[PDB]
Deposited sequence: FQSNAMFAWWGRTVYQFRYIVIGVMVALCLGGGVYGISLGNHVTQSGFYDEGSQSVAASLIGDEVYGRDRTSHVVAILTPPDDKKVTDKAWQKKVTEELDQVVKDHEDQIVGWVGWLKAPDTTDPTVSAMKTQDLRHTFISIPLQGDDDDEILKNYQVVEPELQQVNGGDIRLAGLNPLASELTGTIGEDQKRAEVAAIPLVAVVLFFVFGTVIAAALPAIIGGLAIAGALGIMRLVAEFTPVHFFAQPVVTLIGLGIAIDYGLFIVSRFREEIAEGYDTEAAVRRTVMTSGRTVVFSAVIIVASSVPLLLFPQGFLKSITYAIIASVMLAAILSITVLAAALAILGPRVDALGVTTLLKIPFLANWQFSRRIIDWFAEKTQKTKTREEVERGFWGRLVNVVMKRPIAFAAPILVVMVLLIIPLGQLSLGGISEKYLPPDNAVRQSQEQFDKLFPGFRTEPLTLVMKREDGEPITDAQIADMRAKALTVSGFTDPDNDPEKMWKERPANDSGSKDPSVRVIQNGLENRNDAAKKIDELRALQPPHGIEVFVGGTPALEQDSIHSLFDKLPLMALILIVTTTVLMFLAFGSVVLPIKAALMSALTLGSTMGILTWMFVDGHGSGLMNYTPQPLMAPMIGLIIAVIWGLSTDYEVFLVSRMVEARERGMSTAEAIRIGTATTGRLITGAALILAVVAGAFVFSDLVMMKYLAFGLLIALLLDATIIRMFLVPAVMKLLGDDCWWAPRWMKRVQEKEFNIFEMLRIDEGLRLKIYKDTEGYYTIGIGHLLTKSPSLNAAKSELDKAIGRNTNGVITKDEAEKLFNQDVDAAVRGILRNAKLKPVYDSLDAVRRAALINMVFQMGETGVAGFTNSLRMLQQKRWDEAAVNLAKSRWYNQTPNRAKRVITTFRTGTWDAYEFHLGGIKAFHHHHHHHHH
């Protein structure tokens, strides 16, 4: 159950109101770009955890009661100049005055600065550890004002340009906020790299697909408008829910490629239609009714592959899904609205500026036809070989290693952890809230301490079990509610956290006390647990929805399951290569990244994206061969028809997407490189190994079993437009005796009854013709009978005329119907007067024949019908009548009015 009257109406309307469409939509997209440029100041960095988890609740309660830990905010390593020591009093005074000046300039942003450098004369052992033994290095802590991570990072970015100058520039800034600033600036770095690299390369690839300036420029303008509008839409979404930083490059990584590919396909189809003889109006309408439907289906598939990411609670994945959906649907809309109207405005002008203005698949698919096993199993084994590294993939959180190993901030952090060990901690926290509301006594604290000392593997520095699990510090941003007490202690081995947490949560709390196990390891592990808990349902929804959409698009049952297994193998192989590249470290030396576990939500993101890519390409390809089997073509060449019709467009689209993805593989963010490399691997696997080799071979393996659909999941074959409806359009269908423009009695489709003025003589003739007492009224089927009689009489008259018989025997059924139309209108004597025109048609020179027919006085006197018939001659389709200028007014009886 499909619907194309909607697409036909829109193809008509976008040509009818093309200027309004182009103006309104371009204005909306440009205003959206102007409104969404400011998205960079409204994105967030949170959303990596499960915010409905116990670790997040523990973190929130600890923040409320004790205050958030601002000690890891800013760390500053200071080194005296000229091999001096940190004990030089003049240098001490200088640096201290500099730091005081920096803090009092930004009291709105900095809380203060805390170190050993502030109180050199002290005995506190922890403070005296902020200096190295050599007295060549000393680090300080600079807490910042703020209430959420984004405001704190903004305050740090406000204070950094002046804080960096301290100590003659020889101050090294590490901590949470410097790393955050670098990791977020990676996004803008990638944006600028894309602007510089992909735009001219995409221009070149387009200009090589279309040997024309305009036909190659249109998809680029479409992609630009799509990026602008999608950024505006994400800026609007930022008003309701937090949008993550990583959602910005997605718009440029995924949105731009699909938008330009949509534009490429639509412009190519418009050029096909124009080169097939249709004028601009019919070209736009058919371009819609075919390629726009394909594009909308593509967008629906991408949305169906993205939506399941809304199951995971990580707002990171949610904002990414929002960005994907917005970009893709806006690209589809622009492709069937700005681009359609722009083509309707330009016309054949889209080929005006050639190359000078700037200054075979069938053979290869037949190579796979002879021996399918020679390419199928030797490729399936290679893919299941690439799958085995996928098994040994690990997951982890965000560290300094997400930056390249030569990044100054990562090296500053690693030098801090070398010079000052024991300050960077990941302690697990037991948070105790008393449900009743009264203070917590030391007895309950001791009970919890003992029940925690039950568990092993926790750090015991000075070897005193009654000093482990010390109390969390408390600063001024905490309520200090006596009903909440937090103990905490680090882990000897981090890889045991997921177990120890599961132990610390099995401990029985004191009576009337609620226990929450939190901390950075607990946050990470609970996030990963939510991810793995919700993954199978996501995969099931993905596969089921995509397979149902393939049930809709294919009209088959074998092909959806086949393409599902194909996409599964492609996803597995791509993720195996990704594990081999980023976990096992292969390719790291050339790309300059550190091998490490992947970000957990990136696994679901990459699953969704790669599955959508594979399914989209498989659908767009296989539909073209289902087209041929619907026409009646044989299997072994229906495959060839589809593959050869898709080759150039598929390769160009894959090339543009590969350009845009390789523009991002050079990122300084290991997650960005992971995503872009996975996209590149999946894309180059689908554009070559999947489409060229495995698809035709594995399909031929099933031969004529691939299109088998049971019952009637398959659409019904349409009512084939015939000569009856054509001449009903041109001559009218009247079921009651009427007078023509000459004043004679006509009925049916231009069937002259008699040239007598008597209505009763005409009724006598009509009753004699039909065989009953009609009273001047006939049914539609009787009109069809009379019309078929007249058509047969005209055909017999044509085969009798020696000037019309050759060209009539030369033509096809549609052009033969056009010739019969001309006969019915103007007599065989009049039709034979088009000697050279009929010669052109007989020689199948449709363009010359149409141009010459449009110069008769037949066109001057009956221009609409003549234009319709001449279009039928030029194209050979009923398209000039399936969507025609409605409403005729003057009915005239035709020649060969058959009596009996």
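I have the full deposited sequence and the modelled structure. Can you tell me which residue ranges, counted from 1, have no C-alpha coordinates? Sequence range with no C-alpha atoms is 360 to 393 alone.
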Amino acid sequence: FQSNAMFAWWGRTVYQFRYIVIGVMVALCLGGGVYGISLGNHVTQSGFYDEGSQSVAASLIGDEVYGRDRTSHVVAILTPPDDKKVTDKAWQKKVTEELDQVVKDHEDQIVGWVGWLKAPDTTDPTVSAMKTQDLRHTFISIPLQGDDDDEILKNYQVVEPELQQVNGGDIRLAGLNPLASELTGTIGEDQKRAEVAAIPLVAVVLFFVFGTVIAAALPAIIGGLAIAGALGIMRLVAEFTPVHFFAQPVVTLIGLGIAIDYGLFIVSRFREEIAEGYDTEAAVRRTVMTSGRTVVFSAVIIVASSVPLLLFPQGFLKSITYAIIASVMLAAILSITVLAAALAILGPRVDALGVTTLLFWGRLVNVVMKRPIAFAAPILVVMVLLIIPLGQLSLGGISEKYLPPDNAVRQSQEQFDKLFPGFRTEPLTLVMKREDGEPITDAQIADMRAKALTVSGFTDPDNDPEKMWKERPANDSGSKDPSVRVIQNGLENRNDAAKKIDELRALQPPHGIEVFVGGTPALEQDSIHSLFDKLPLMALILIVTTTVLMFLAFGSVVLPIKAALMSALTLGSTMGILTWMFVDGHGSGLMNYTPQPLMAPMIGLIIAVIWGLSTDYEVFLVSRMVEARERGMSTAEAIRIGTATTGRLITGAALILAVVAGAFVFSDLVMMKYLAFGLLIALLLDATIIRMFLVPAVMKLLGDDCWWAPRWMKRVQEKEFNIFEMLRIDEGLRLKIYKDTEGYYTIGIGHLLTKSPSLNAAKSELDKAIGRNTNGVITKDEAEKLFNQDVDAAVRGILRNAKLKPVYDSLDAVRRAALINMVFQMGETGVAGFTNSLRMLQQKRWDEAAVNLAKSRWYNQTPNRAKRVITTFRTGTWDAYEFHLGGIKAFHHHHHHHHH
From here on, numbers count along this sequence of modelled residues.
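If you average the CA temperature factors over each stretch, which comes out higher, 799 to 807 or 643 to 651? On average, C-alpha B-factors are higher across 643 to 651.
Per the entry, higher mean C-alpha B factor between 235 to 243 and 563 to 571: Mean C-alpha B-factor is greater for 563 to 571.
Among the choices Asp792, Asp190, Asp124, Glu742, identify the one whose CA B-factor in the record is greatest. Highest C-alpha B-factor among the listed options: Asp124.
Report the option among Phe554, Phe787, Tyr402, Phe139 whose CA atom has the maximum B-factor in the deposited record. Each of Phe554, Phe787, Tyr402, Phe139 was compared by C-alpha B-factor; the highest is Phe554.
Could you say whether, by C-alpha temperature factor, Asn760 belongs to the lowest, middle or highest third of its chain? Top third by C-alpha B-factor.
Based on the deposited C-alpha B factors for this chain, I'd like to know if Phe724 is in the lowest, middle or highest third. It falls in the bottom third of the chain.
Position of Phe312 among the chain's modelled residues by C-alpha B-factor, lowest, middle or highest third: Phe312: CA B-factor falls in the lowest third of its chain.
For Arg68, return the chain-relative third of its C-alpha B-factor as stated in the PDB record: lowest, middle or highest. Within its chain, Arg68 is a middle-third residue by C-alpha B-factor, going by the deposited values.
Once the chain's modelled residues are ordered by C-alpha B factor and cut into thirds, is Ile37 in the lowest, middle or highest one? Within its chain, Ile37 is a highest-third residue by C-alpha B-factor, going by the deposited values.
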